[PDB]
């Protein structure tokens, strides 16, 4: 019994494959068109008339038609400090996150496990990602409790990473499944805006844009290598992963977990940073495959905001339809941070099937998934579609 024999008989043989995808969102649906009226009223800023008009323009150009929020008029009426712009409110928000994050997360995981069709007891690893986690144990522990998974599921919680973490969990899931024979990784991203909601300030118009973009949602996947045919159904294959920090971007997107909750900073130069740095990311990802035409692959980009998508599109002269799946999710759910790119994969495989195309990847063969966040960090995931 050498380390050699053990090592060989311990790893998996094939690439990490996404075998199921399920999503969930709080029940409360908030229409974008009339959110301003609602927001300024609930945050007692109906006098800030001049600033409201500014928020209306932000929503009207957000390219989002609705979002789902755990925060309701009733809940907010119960927590006035969360409605103020900058008041001590962390403890209240932590109580909300302790319950909703795992609840919404479980709901998505249940749909995913049901599509997968195998015993939940076969889940060997669990990755749970959220913008923040309120306590110790982290939310990965609470989700395992709710799901009733085996006590020995290997857990990894991914917290305070941010909007690019959808790529992060996929990069993490790829290695856990590829290096371990028989491993089946349940991946869950669950983001709830109770962590970021706050009143408006006619001084932080930069932060005000987060309130017009951020929505709630949870997305779950089952990832594994060496799919069992007649028992499992591959959706996408992961090929290669990368993570990088854009130069001259320190402070473009950051946050501070404080007594008043999670404060956030957004810079208007974010879309430019992403656009200026996207070609580089692609070359590194696709040149090895000998791919130069970026319209010959399917696309999944974190919809941080509509400008990021527009400028990436122009930069690479992408056909207008490349970003359809990404804009569809932005339109129906808003920016759900880490969960976005997972909803997009689901929308894409679903639309591809619904409409009888060649592969789950809009008929195309190769594809890419991008996550953007604090750093500014860029996560890259090369994917391969599956024949329908």
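Numbering follows the first chain given and starts at 1.
Enquirer: Determine, for stretches 61-69 and 351-359, which one has the higher mean CA B-factor as deposited.
Expert: Looking at the record's C-alpha B-factors, the answer is 351-359.
Enquirer: With reference to the PDB entry, specify whether the mean Cα temperature factor is higher for 295-303 or for 198-206.
Expert: Mean C-alpha B-factor is greater for 198-206.
Enquirer: Going by the entry, which of 314, 132, 180, 121 has the most elevated CA B factor?
Expert: Highest C-alpha B-factor among the listed residues goes to 314.
Enquirer: Given 138, 261, 151, 229, identify the residue with the highest C-alpha B factor in the PDB entry.
Expert: It is 229.
Enquirer: Quick check for you: using the entry's CA B-factors within this chain, is residue 90 in the lowest, middle or highest third?
Expert: Within its chain, residue 90 is a middle-third residue by C-alpha B-factor, going by the deposited values.
Enquirer: Considering every modelled residue of the chain and its Cα B-factor in the PDB entry, is residue 116 in the lowest, middle or highest third?
Expert: Middle third by C-alpha B-factor.
Enquirer: Pull the Cα B-factor of residue 236 out of the PDB entry and bin it into the chain's lowest, middle or highest third.
Expert: Middle third by C-alpha B-factor.
Enquirer: Lowest, middle or highest third of the chain for the C-alpha temperature factor of residue 157?
Expert: Tercile = lowest for this residue's CA B-factor.
Enquirer: Among the modelled residues of its chain, does the C-alpha B-factor of residue 216 lie in the lowest, middle or highest third?
Expert: Lowest third.
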